[PDB]
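Comments concern the structure below.
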Amino acid sequence: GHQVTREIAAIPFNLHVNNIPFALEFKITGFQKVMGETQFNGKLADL
Amino acid sequence: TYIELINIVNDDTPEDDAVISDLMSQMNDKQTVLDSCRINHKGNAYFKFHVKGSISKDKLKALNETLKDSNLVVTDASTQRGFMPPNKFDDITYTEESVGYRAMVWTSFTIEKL
Amino acid sequence: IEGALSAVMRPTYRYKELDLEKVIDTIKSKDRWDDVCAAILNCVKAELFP
């Protein structure tokens, strides 16, 4: 009510549709465990 | 008969309380704690223990509440069906040191600081 | 289920968790990268073909 602005707004108008009810879902973890080694940064401390 | 044979497997497999008891024994044994010690990518330390049998979700939550008093939680507990590798190994590959049989029930615990 | 093709194929879903720590032998393996590649692809192939 006190300032006029030229608001040029974009309103997405689209839909993502899935056609084939087929999928194999895998959860793959542990890359940092098997592809790397942690350096000896002094002694183990809880901080 | 069939029922007796499957009872032998399910009777050999220990129950939750025995699994927790064996886990506490491994945590108390100094050499086992050393063997299970792993350093994380942040320089922190977590311990991985191999314990025969399986623990249900209801008693795993009770286990975590018990461990909180020691600033420990079980972040993962995976129930494997296979041979138990020694605690000093990270992998489940069968070696001459592996104990068990090809369908043995056992859990791999991951214990981390609270 | 949603999806036009549900009327001409059998809806199929499979979920599998792969833990590279348990599969990969990091202590003795000479080539860790190849073992990770094999572990991931063997997981996918074993589930996808059926």
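Protein chains in written order, with the authors' numbering: chain A, 699 to 745; chain B, 3 to 116; chain C, 549 to 598.
Ideal Cβ placement from N, Cα and C applies to all residues, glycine included.
C-alpha distance - residue i paired with residue j, whole-angstrom precision
i: A:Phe711; j: A:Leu722; result: 30 Å
i: B:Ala79; j: B:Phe85; result: 16 Å
i: A:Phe724; j: B:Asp31; result: 37 Å
i: C:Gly551; j: C:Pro559; result: 10 Å
i: B:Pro16; j: B:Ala64; result: 17 Å
i: C:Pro598; j: A:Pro719; result: 16 Å
Beta-carbon neighbours of residue i, restricted to chain A and to distances below 9 Å
i: C:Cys591; result: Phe724, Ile726
Identity of the residue in the options nearest residue i by Cα
i: C:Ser577; options: A:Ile709, A:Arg704, A:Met733, A:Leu742; result: A:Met733
i: B:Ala20; options: B:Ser58, B:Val75, B:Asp92; result: B:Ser58
i: B:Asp14; options: B:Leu116, B:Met106, B:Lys115, B:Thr112; result: B:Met106
i: B:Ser56; options: B:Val11, B:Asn73, B:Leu36; result: B:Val11
i: B:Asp37; options: B:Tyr103, B:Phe91, B:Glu99, B:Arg104; result: B:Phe91
Contacts of residue i in chain B (Cβ-Cβ under 8 Å)
i: A:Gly734; result: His43
CB contact check: residue i to chain C, cutoff 8 Å
i: B:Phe91; result: yes
i: B:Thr109; result: no
i: A:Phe738; result: no
i: B:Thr95; result: yes
i: A:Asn716; result: yes
i: A:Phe711; result: no
Cβ of residue i within 8 Å of any chain A Cβ
i: B:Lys50; result: no
i: residue 524 of chain C; result: As displayed, chain C neither begins before 549 nor continues past 598, which places residue 524 of chain C out of reach and without an answer.
i: C:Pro598; result: no
Element boundaries [beta strand (DSSP E), containing residue i]
i: C:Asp567; result: 560 to 567
i: B:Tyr48; result: 47 to 54
Unbroken alpha helix (DSSP H) run spanning residue i, endpoints
i: B:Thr34; result: 32 to 38
i: A:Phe729; result: 729 to 732
i: B:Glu67; result: 59 to 70
Proximal residues of chain A, C-beta to C-beta of residue i below 8 Å
i: B:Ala47; result: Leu742
i: B:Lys115; result: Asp744
C-beta neighbour in chain B for residue i, strict 8 Å
i: A:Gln701; result: no
i: C:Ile572; result: yes
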